[PDB]
Amino acid sequence: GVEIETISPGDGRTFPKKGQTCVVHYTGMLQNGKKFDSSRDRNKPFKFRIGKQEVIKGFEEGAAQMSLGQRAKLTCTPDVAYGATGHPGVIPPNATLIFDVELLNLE
């Protein structure tokens, strides 16, 4: 289940497709919890492409449901990211993830 809560401004037309490499200022958040990751702190804004299963599933579907300059708000189910296993030391099992995602990409 992908639930998009858009902070408005952008263009609404530059949709992410296959064969495109995209640049995202992500910020992870635990529901009823603190932060766990920040691209803003490293200031290396996470260049990646579409269609290689590099990112998790819940983040992958929310990427194409945005456009250039937009700012959504993700809400990922446990089964699409880590909830059966839990990422060791960082994500407990059966967890619900929150992301602040802005798409400032190229191509």
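Residues numbered from 1 in each chain as written, not as in the entry; some residues may be left out. Part of a larger assembly, values for the part shown. Heavy atoms only, no water.

- Judging from the entry metadata, cryo-EM is the method by which this structure was determined, and 4.7 Å is the reported resolution.

- The protein chain goes by Peptidyl-prolyl cis-trans isomerase FKBP1B in the PDB entry, where it is assigned to Homo sapiens.
- The title given for this PDB entry is "Structure of rabbit RyR1 (EGTA-only dataset, class 3)".
- Under Subunit, UniProt gives the following word-for-word description of the protein chain: "Identified in a complex composed of RYR2, FKBP1B, PKA catalytic subunit, PRKAR2A, AKAP6, and the protein phosphatases PP2A and PP1. Interacts directly with RYR2."
- Check the Sequence similarities section of the UniProt entry for the protein chain; it says "Belongs to the FKBP-type PPIase family. FKBP1 subfamily." (UniProt positions renumbered as here; feature names shortened; annotations may be inferred.)

## Here we look at the packing of aromatic side chains
Ring pairs (aromatic) are described by centroid distance and by the angle formed between their planes.
Here's step 1: Under the criterion given, the structure shown has 5 aromatic pairs.
Here's step 2: One aromatic cluster in this structure is built from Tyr26, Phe36, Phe46, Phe48, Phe59 and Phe99. (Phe/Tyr/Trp six-rings, centres within 6.5 Å; stacked < 30°, edge-to-face > 60°.)

## Section: the state of the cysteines
Here's step 1: Evaluated as defined, the whole model comprises 0 disulfides.
Here's step 2: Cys22 carries a free sulfur, and the closest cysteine sulfur to it, the one in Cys76, is 15 Å from it. (Disulfide = S-S within 2.5 Å.)

## Considering the nonpolar core
Here's step 1: Judged by nonpolar contacts, the single largest core of 18 residues is most densely connected at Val24, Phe48, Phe59, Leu97, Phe99 and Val101.
Here's step 2: Mapped by element, the contributors of at least two residues to this core are β1 (21-30), β4 (71-76) and β5 (97-103).
Here's step 3: If one sorts the elements of this core by residue count, β5 sits on top with 4 residues.
Here's step 4: Look past the residues within four positions of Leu97 in its chain and what remains in contact with it is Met29, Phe36, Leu74, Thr75, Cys76, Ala81 and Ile91. (Core = buried A, V, L, I, M, F, W, Y, C linked by side-chain atoms within 4.5 Å. Buried < 20%, exposed > 50% of the residue type's maximum accessible area, 1.4 Å probe, protein only. Helix = DSSP H or I, 4+ residues; strand = E, 2+ residues; numbered from the N terminus. Contact = heavy atoms within 4.5 Å.)

## Some points on the environment of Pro78
Here's step 1: Tracing the chain through its elements places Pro78 in helix α3 (residues 78-81).
Here's step 2: The class for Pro78 is partly exposed, based on a relative accessible area of 22%.
Here's step 3: Spatially, the C-alpha atoms of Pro78 and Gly58 are 9.1 Å apart, while their sequence positions differ by 20 residues.
Here's step 4: Each residue touching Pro78, except ones within four places of it in the same chain, is listed here: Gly83, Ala84, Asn94, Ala95 and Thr96.

## Remarks on the UniProt feature "domain: PPIase FKBP-type" in the protein chain
Here's step 1: As annotated by UniProt and renumbered to match this structure, "domain: PPIase FKBP-type" occupies residues 19-107.
Here's step 2: In this annotation, residues 19-107 is assigned 18% helix and 34% strand; the end-to-end C-alpha distance for the span is 9 Å.

## Remarks on the pattern of salt bridges
Here's step 1: A full pass over the atoms with the stated rule returns 4 salt bridges.
Here's step 2: Across the salt bridge formed by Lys35 and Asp41, the nearest N and O atoms sit 3.6 Å from each other.
Here's step 3: As a salt-bridge pair, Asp100 and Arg71 come within 3.1 Å of each other at their nearest N and O atoms. Linking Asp100 in strand β5 with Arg71 in strand β4, this pair joins segments that are 29 residues apart in sequence.
Here's step 4: Here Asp100 falls in the partly exposed class, since its relative accessible area comes to 28%. (Salt bridge = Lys/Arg side-chain N within 4 Å of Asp/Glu carboxyl O.)

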